[PDB]
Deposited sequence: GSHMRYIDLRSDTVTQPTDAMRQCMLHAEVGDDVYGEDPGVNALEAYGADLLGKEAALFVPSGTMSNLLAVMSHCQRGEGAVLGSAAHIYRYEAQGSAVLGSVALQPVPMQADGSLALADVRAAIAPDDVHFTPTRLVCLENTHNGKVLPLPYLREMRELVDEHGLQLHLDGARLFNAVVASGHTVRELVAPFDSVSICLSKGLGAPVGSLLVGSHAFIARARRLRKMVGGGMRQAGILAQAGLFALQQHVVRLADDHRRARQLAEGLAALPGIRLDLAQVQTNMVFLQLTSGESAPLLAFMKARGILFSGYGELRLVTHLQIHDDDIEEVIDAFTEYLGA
């Protein structure tokens, strides 16, 4: 199968599996797993933050993030199109008792400053004390503009709130824009980075932040069930992914460009200008028969096509010709 459904489907490489073979493990509950400790220390330093926490998913990474910034009743301003609001079953509100404050989100993950400013609650009993603003980079494969970020920071400083980044595909934004992680992450108090997407690690994510923030997140990790034992196997794989699989993301972007240009040339509607990273969003002028046709020819997606490690140049051409055949 040529799988263009998501970049999560990425499988561990032989070099990754060999690193997992020789991965020294310990009990993480006692803080005695050398693999997880090395990953957390590396991740924290890589992003220029104090501490880091290793969790089984990006959902937990975000869930614990919003909960460590917001006590019960406290507010978290985020986009209605953001993964934390719509694709995480509103975990932070249901489980953590936090007040989720959705706000319109643009094609890039930018939330209008006037929308966020009006969402910040005045000190009054009818309202919820807003404490945090959430952002997402990348958002639908789009790169969050850096000058905008610096303005949201000044907005957040004006009200003394906090800033969390859902950076599930942060490194895609890094390699596409030409700005480094340290620069993309500096305006944020905390960031979630997914290892189990483009980077190609089998399981996991990192939550990075200040010593106090992480300490509260770690305590909640135990409560939600994220406290594992010998997770050094998974941690090393993530550590491998973070230092060996970053630069080759340019290929995913390259192949996504090639796929986008090959399909835009055809009864198809897609904006080539929206193709910034490893995602191609397209339309027909419908959908069910297209998917059945493509599945029968060993090709998989769901108007969204996502390139990754397992996808090659010949896969790109095979899918382009399948669309061309569909005519």
| field | Sequence ranges without modelled C-alpha atoms (deposited numbering) | value | 1-5, 272, 292-293, 311-314, 340-341
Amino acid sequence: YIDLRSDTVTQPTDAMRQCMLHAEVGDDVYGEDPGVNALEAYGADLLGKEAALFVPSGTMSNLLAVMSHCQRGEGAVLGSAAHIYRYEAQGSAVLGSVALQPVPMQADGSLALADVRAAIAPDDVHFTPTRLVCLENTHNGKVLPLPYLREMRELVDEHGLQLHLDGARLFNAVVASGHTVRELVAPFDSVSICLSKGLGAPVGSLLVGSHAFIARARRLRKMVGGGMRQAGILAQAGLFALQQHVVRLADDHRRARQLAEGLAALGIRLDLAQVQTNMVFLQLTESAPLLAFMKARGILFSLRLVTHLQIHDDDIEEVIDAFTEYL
From here on, numbers count along this sequence of modelled residues.
| Given 185-193 and 158-166, the range whose Cα B-factors average higher in the PDB entry | 158-166
| task | Higher average CA B factor in the deposited record is what I'm after, so tell me if that's 250-258 or 168-176. | result | 250-258
| request: Identify, among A231, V208, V103, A118, the residue whose C-alpha carries the highest B-factor in the deposited PDB entry. | output: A118
| query | Highest Cα B-factor in the PDB entry belongs to which of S302, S57, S68, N37? | reply | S302
| query | According to the PDB entry, is the CA B factor of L272 in the bottom, middle or top third of its chain, that is, lowest, middle or highest? | reply | highest
| query | If you rank the chain by CA B-factor, which third does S92 end up in: lowest, middle or highest? | reply | lowest
| note | Quick tally, chain-level thirds of C-alpha B-factors: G198 sits in the lowest
| For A41, the third of its chain into which the C-alpha B factor falls | middle
| query | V9: which third of its chain by C-alpha temperature factor? | reply | lowest
